[PDB]
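Residue numbers (the deposited numbering): 2 to 331. A virtual CB, placed ideally from N, CA and C, is assigned to each residue, including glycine.
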Ligand SMILES: O[C@@H]1[C@@H](O)[C@H](O[C@@H]2CO[C@@H](O)[C@H](O)[C@H]2O)OC[C@H]1O
Ligand SMILES: O[C@@H]1[C@@H](O)[C@H](O)OC[C@H]1O
Ligand code: NA
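What follows is the structure, given as structure tokens:
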């Protein structure tokens, strides 16, 4: 690694380079992080269930540790995430009797959570994924069903962004989602964000999760999505990048190691992806990987539990993979 290029330095004039972490991986992958990234995202510890597990009970310890690490190394921090249909405790939507609360009560709870969380990290966290995955991933409907939407109504996103803006008007607020480059969904995300911005809602950027495969989405689809979203005038962040060795239809669990073909195609894939990101450096301001080395990735258990994936630029021994060389040479 002595003579190895540093990711954040290579892309210094293009965009920040980030990694998703947790207290455990910060220790396990500390040197890689210190040598390559200038942005950090909490993989799980800033989600609702990990910040306010019970009403009035805030558990900022783990998030504080992540922020402390980032700040001690002059790394930016992306806040993830405030309002999402997943990883949110049941108490949030229920009353004493266990029945669903009213619109006003849920809005009060949403405002309280957002205000408390955002104000704590004001000045240390420069952006927040305010709304995560609200758009439907299947069907002809625009929005995915969720307790937030059911109880409050379809304007729940407008409210979330306004509450977050009030809490920290200097933060960049994002709508974050996956499968963001498939045409049908791209148009739903575009329509949603355009509608919000047309109402003056403080949504400053779109977060493209980029949980991609070797084949999907195509480079043309990625280019089209970047251009489509950029045309709204918002900032773009690639937020949870990883390149899975398995396509959606591939649920094999017996592969103990990736084939030389997988490794080679992944290298080509990462080179093509970063070449495209660099081309759009004027609108993309940050590229965060959902991890940093293959010794830790949520793809080991998703969508198939108990297997192994090799989605990042560094291997399990923290050594650069062929993908690393193609990525930094664009
Ligand atoms: O440890 C896992 C996390 O890595 C995972 O993170 C999510 C990945 O999918 C994205 O769409 C989400 O935004 C991101 O939070 O969440 C589940 C957890 O078990
Ligand atoms: O659970 C979600 C999964 O269904 C999607 O494919 O990727 C993002 C995850 O959060
Ligand atoms: Na840029």
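Same chain, Cβ closer than 7 Å to residue i, five either side skipped, listed in chain order
{"i": "residue 122", "result": "68, 80"}
{"i": "residue 110", "result": "93"}
{"i": "residue 301", "result": "308, 309, 310"}
{"i": "residue 180", "result": "138, 186"}
Any non-hydrogen atom of ligand 1 within 7 Å of residue i CB
{"i": "residue 213", "result": "no"}
{"i": "residue 299", "result": "yes"}
{"i": "residue 176", "result": "no"}
{"i": "residue 60", "result": "no"}
{"i": "residue 133", "result": "yes"}
{"i": "residue 81", "result": "yes"}
{"i": "residue 241", "result": "yes"}
{"i": "residue 311", "result": "no"}
{"i": "residue 291", "result": "yes"}
{"i": "residue 210", "result": "yes"}
Cutoff 8 Å; reference residue i; Cβ partners in own chain excluding five residues on either side
{"i": "residue 13", "result": "none"}
{"i": "residue 145", "result": "86, 134, 135, 136, 137, 138"}
Residue i, DSSP secondary structure in three states
{"i": "residue 332", "result": "This structure cannot settle anything about residue 332, because the visible part of the chain is limited to 2 through 331."}
{"i": "residue 145", "result": "coil"}
{"i": "residue 187", "result": "helix"}
{"i": "residue 76", "result": "coil"}
{"i": "residue 348", "result": "Because the chain is modelled from 2 through 331, residue 348 falls outside the range shown and cannot be assessed."}
{"i": "residue 65", "result": "helix"}
{"i": "residue 246", "result": "coil"}
heavy atom of ligand 4 below 7 Å from residue i C-beta
{"i": "residue 45", "result": "For the structure depicted, ligand 4 is absent and the ligand set comprises only ligand 1, ligand 2 and ligand 3."}
Candidates the options: closest to residue i by CA position
{"i": "residue 142", "options": "190, 42, 179, 203", "result": "190"}
{"i": "residue 104", "options": "98, 94, 113", "result": "94"}
{"i": "residue 39", "options": "52, 223, 18, 325", "result": "18"}
{"i": "residue 248", "options": "147, 218, 158", "result": "218"}
{"i": "residue 24", "options": "47, 166, 319, 9", "result": "47"}
{"i": "residue 272", "options": "313, 29, 331", "result": "331"}
heavy atom of ligand 2 below 7 Å from residue i C-beta
{"i": "residue 179", "result": "yes"}
Chain-order list of residues whose beta-carbon lies under 6 Å from that of residue i (same chain, five-residue window excluded)
{"i": "residue 291", "result": "21, 241, 243"}
{"i": "residue 285", "result": "16, 237, 278"}
{"i": "residue 132", "result": "84, 158, 161, 176"}
Query - Heavy atoms of ligand 3 versus C-beta positions, residues under 5 Å - result: 16, 282, 286
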